[PDB]
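Listed next as structure tokens is one chain, alone, in the form solved without the named molecule.
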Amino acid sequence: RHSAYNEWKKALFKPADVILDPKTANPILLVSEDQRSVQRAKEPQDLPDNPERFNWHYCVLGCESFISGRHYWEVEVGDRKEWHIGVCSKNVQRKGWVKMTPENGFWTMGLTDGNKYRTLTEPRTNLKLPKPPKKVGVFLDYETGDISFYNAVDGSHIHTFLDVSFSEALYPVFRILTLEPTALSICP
């Protein structure tokens, strides 16, 4: 619509046209043909363990990273009960486990158990949201170091990582743990 959110987002942030990178996706994940959506398999599929593939975390990256400027993309979470989204550094550990935290180069928030919204921080912070979002705007300002999440239907705030001193390229990152009927999808 013509809400200040919808009208101004592109005046202020360049719209990322985020395409999921199948080379990065944990083998338990399915990337849609159009590369906009991700689902989970009952079992890991048989894929190479090429270096760019997350082999433990149920993660997938966008094809393109950012090293400067202002950028946004939107994700339809719909009625999923579990998801995490945000950005991560190019050089995160993709083989084995590391805690997904800003100290290990992940800046993400999401939902677990249907209704626990949280930042993936050390320690985890609980978010109290006016309503459950269906669509989440993810907003990067590389130079000020701000990663902001909004409800993309009413423009309400969800969370901001403030004043981070990024020194790596940053990828859109997505994680799904659960096997559910609703996918996680990028709006183009």
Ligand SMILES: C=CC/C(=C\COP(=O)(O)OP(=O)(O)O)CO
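Numbering starts at 1 and follows the sequence shown.
What comes next is about the form deposited with the named molecule bound, which is not displayed.
J.: Using a 4.5 angstroms cut-off on non-hydrogen atoms, would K9 count as touching the named molecule in the entry with it bound?
T.: It does not: once the named molecule is placed as it appears in the entry with it bound, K9 has no heavy atom within 4.5 Å of it.
J.: Contact with the named molecule in the entry with it bound for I19, defined as at least one heavy atom pair within 4.5 Å: yes or no?
T.: Output for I19 is no: heavy atoms all beyond 4.5 Å of the named molecule.
J.: Taking the shortest heavy atom distance, is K81 within 4.5 Å of the named molecule in the entry with it bound?
T.: No, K81 is distant from the partner.
J.: Does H57 reach the named molecule in the entry with it bound, with heavy atoms at most 4.5 Å apart?
T.: Contact with the named molecule, yes.
J.: Any idea which of 155-163, 65-73, 116-124, 41-49 reaches within 4.5 Å of the named molecule in the entry with it bound, heavy atoms considered?
T.: Residues of 116-124 come within 4.5 Å of the partner.
J.: Within 83-100, which residues have a heavy atom closer than or equal to 4.5 Å from the named molecule in the entry with it bound?
T.: The stretch 83-100, when checked against the named molecule in the entry with it bound, contributes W97, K99 at the 4.5 Å heavy-atom cut-off.
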